[PDB]
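Quick note: the coordinates plus some simple rules give every number you see, no bench work behind them. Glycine gets a Cβ as well: all are built from the backbone with ideal geometry, and neighbour counts include every protein chain shown.
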Ligand SMILES: O=C(Nc1ccccc1)C(=O)N[C@@H]1O[C@H](CO)[C@@H](O)[C@H](O)[C@H]1O
Ligand SMILES: O=C(Nc1ccccc1)C(=O)N[C@@H]1O[C@H](CO)[C@@H](O)[C@H](O)[C@H]1O
């Protein structure tokens, strides 16, 4: 149908059809008379997966022959989403499969909807890892993603009576056609035990063993025949585990305890919970991964070359135990001297920070590490002692610096600061957007920057244009390709060529047509699967991201209520119709976040049923926001809400997805919004509110929310409506906690940005009244979105941290 989706050759289509029928028969053990839609999905997945095998085997043998430096990306989260369409896109198989299935009497899009998301992440950090894997393969890097194969991913969100309910994400129930179990590469991981000091070195003894079984998933590069590996570990009890009939049976049942390690993803976004099971998960991935790395390195004794052949990237502090684990193996097992082992470790490891919120930073109680990982604790103490001796030599007499920089935090319970460990043990430390990286050097890691300035870098985040343009918005990808060709898909900077089309009447019409079609398609999705009715001609105002106070969904809520109150005051006055869509999951134990969701639905309940409002304002909570839903709503959006308090959103990546897909942005100068505005021009961005400096000034003075309440009559009305039970008639005090927080303990200064936000939103509505000028500004955004390709980001990691050169060169098919 459309060019960017590839060729549908006679030979290919015939071969796809016959292999589809072969799998339906031999693999699924079905015929066409009994086959269900799910059977058809699986037959297709197997048909496509067959095309990966040859390339996968030859990519890995190529790495064996050439022996390039290997990149190991360690993460507790990989938010992959669906794999079928992505695989077809990267293999140029989409049109061929579409044709083949069409001739078999099947709709491929319908089959694609059957696949479960691989929801092995919470949000931004997990999705970044996924985009990164795609870019690393597309850039021909010898890269491996290493993580955990959770049996249960991020929970499925159900909304019941306006409240979030959680249910287990049983994503493996029907099987996963995209993984290959590798039970022959199973490795032991050790826990507990004790440290024994012998004549020659320390020994870690009397441990309990859990097995780590790897599952490999292919990661195809974009049309370069490269297929890299994501290896995810699953926990397995050894056969003699816990080994009378009651006794025998119980011993077998108790194997569950060991296997619980990989059972479920911790559902916290930007928060630290010091649970033993989480620590076990963190060590489990680290221990199994490092053994795999060392084994592969030896199959190339001399560890001087280790950093020349290995890079380990730590996705935040979650796999920070890689540092003392590498030291443990090098010192205790390989018998290297401390100083050499340390040199190797530092040159191998690099650390990426993803948040400055203090509650999110990992600080593990010493007593936990003492029991679970006694040898690692000893190594951490030794690292700390040697590190502090260095600090003391550089800043003599600065006793407070010593305590501030210590890996060991004193207090009620002694804790290890994992971020401090990571900085000490890495040759590179980076933030994820220019403003964030500057904040790291100026505030939370200031002491470390002063000691080792060369270590600190920036690597602004990005998104893959494959999933986030070609896959989810083929219509836009096509109208761009018609003008500037196809090369932009792996060279997004080429989108700048679209600037010469900003006055092109045909292109303006095409951009606007593509958006309208996307909005119609999404409006049809909402009716079919949720029976909700929306005006497709209205401005699609969307805020999708995890529910957190710093992201300020509440500020959005305040604007929504302002609009409703204004309509009610002057009903027969024209307003630009809006569909306000808010979606995202709340962490199960985050009360305030759960209250915010209830508020959103409560506002919708009132607004959506007021006859005076009509089709002029609609408020919808998008249930179960996840990668597959993002691929649907983002292409349909007109306005992207990126309204975090300045200095709180490290980067954001949802922002980039919207920019690439033809939405305009209303946002604070926070995270990557700053660079987005810089790329597009501030005239082409709806910027409002406090900058970081303004927040700092307010903090010095003290933030008094009452001041705003007293001086803004429209804000007073909203608070009074909330408190009185206007939005909860049967439970008048339902939102008392929200009001109290806003008035008395608001860390994120919702009121301080209220006036500027509402004013800015009026300017959005004004522009939307002029479709031609709206679209022209959209073109200016898409055209300057190139910087935010994860290909750019990965190329920078490669050259500036890993010391490897990216390549767009094809491997033979
Ligand atoms: O090939 C497989 N997965 C794969 C292949 C290519 C790309 C992505 C995933 C796979 O899972 N094969 C399974 O191996 C089992 C033995 O190890 C067989 O019993 C299964 O029938 C087969 O599906
Ligand atoms: O810190 C994060 N997650 C987390 C933190 C602790 C425990 C589990 C997950 C996180 O997701 N941070 C986000 O990283 C994104 C990718 O760099 C950024 O775009 C976001 O700004 C940041 O909040």
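The calculated pair-distance distribution of segment 656-775 uses every alpha carbon pair, bins of 10 angstrom beginning at 0, and gives 11, 33, 30, 23, 4 percent. When Rg and Dmax are taken over the Cα atoms of segment 548-661, they come to 15.0, 44 Å. Taking 0.36 nm per residue of sequence separation and removing the Cα-Cα distance, the residue 503/residue 809 pair yields an extension gain of 106.6 nm. Cβ-Cβ distance of residue 340 and residue 360, R₀ of 35 Å, FRET efficiency by 1/(1 + (r/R0)^6): the value works out to about 0.50. Per-residue packing, averaged as other Cβ atoms within 10 Å, sorts the ranges 502-513, 322-333 into the order 322-333, 502-513, beginning with the highest. In plain terms, the C-alpha convex hull of segment 152-201 casts an average shadow of 8.1 nm² when viewed from every direction.
Kirkwood hydrodynamic radius computed over segment 766-813 comes to 13.9 Å, based on all pairs of distinct alpha carbons. Using the alpha-carbon positions of segment 463-789, Rg (one decimal) and Dmax (whole number) come out as 19.6, 59 Å.
Averaged over residues, the count of other Cβ atoms within 10 Å places the peptides 640-646, 236-242, 477-483 in the sequence 640-646, 477-483, 236-242, highest first. In the chain, the DSSP beta bridges split such that about 45 percent are antiparallel, to the nearest 5. A simple spin-label model places the labels of residue 770 and residue 693 3.0 nm from each other, with each point 7 Å out along Cα-to-Cβ.
Rounded, prolate or oblate: pick one for segment 245-383, where a ≥ b ≥ c are the square roots of the eigenvalues of its C-alpha gyration tensor, a/c under 1.5 means rounded, and failing that, prolate if a/b is larger than b/c, else oblate. Oblate, since a/c reaches 1.5 and b/c is not below a/b. Here the simple spin-label model places points 7 Å from the Cα toward Cβ, and for residue 186 and residue 594 these points are separated by 3.9 nm.
Which of rounded, prolate, oblate describes segment 59-159, given a ≥ b ≥ c as roots of the alpha-carbon gyration tensor eigenvalues and a/c under 1.5 marking rounded, otherwise prolate only if a/b is larger than b/c? The shape class here is oblate. Ordering of 126-133, 767-774 by packing is 126-133, 767-774, highest average first (other Cβ atoms within 10 Å, averaged per residue).
Counting only DSSP H runs of at least 4 residues, each contributing -39500 (n - 2.57), and dividing by the residue count of the chain, the helix-based mean residue ellipticity at 222 nm comes to -13500 deg cm²/dmol.
Here r is the Cβ-Cβ distance between residue 724 and residue 484 and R0 is 60 Å; the resulting FRET efficiency, rounded to 0.05, is 0.60. Please give the Cα centre distance for segment 789-813 versus segment 1-50, rounded to the nearest Å. One Cα centre to the other: 33 Å. Centre-to-centre, using Cα atoms only, segment 613-660 and segment 340-355 are separated by 36 Å. Across the chain, Cα-Cα pairs farther apart than 49 Å form 19% of the total. More than 23 angstrom separation, counting every C-alpha pair in segment 351-466; what % is that? That fraction is 34 percent.
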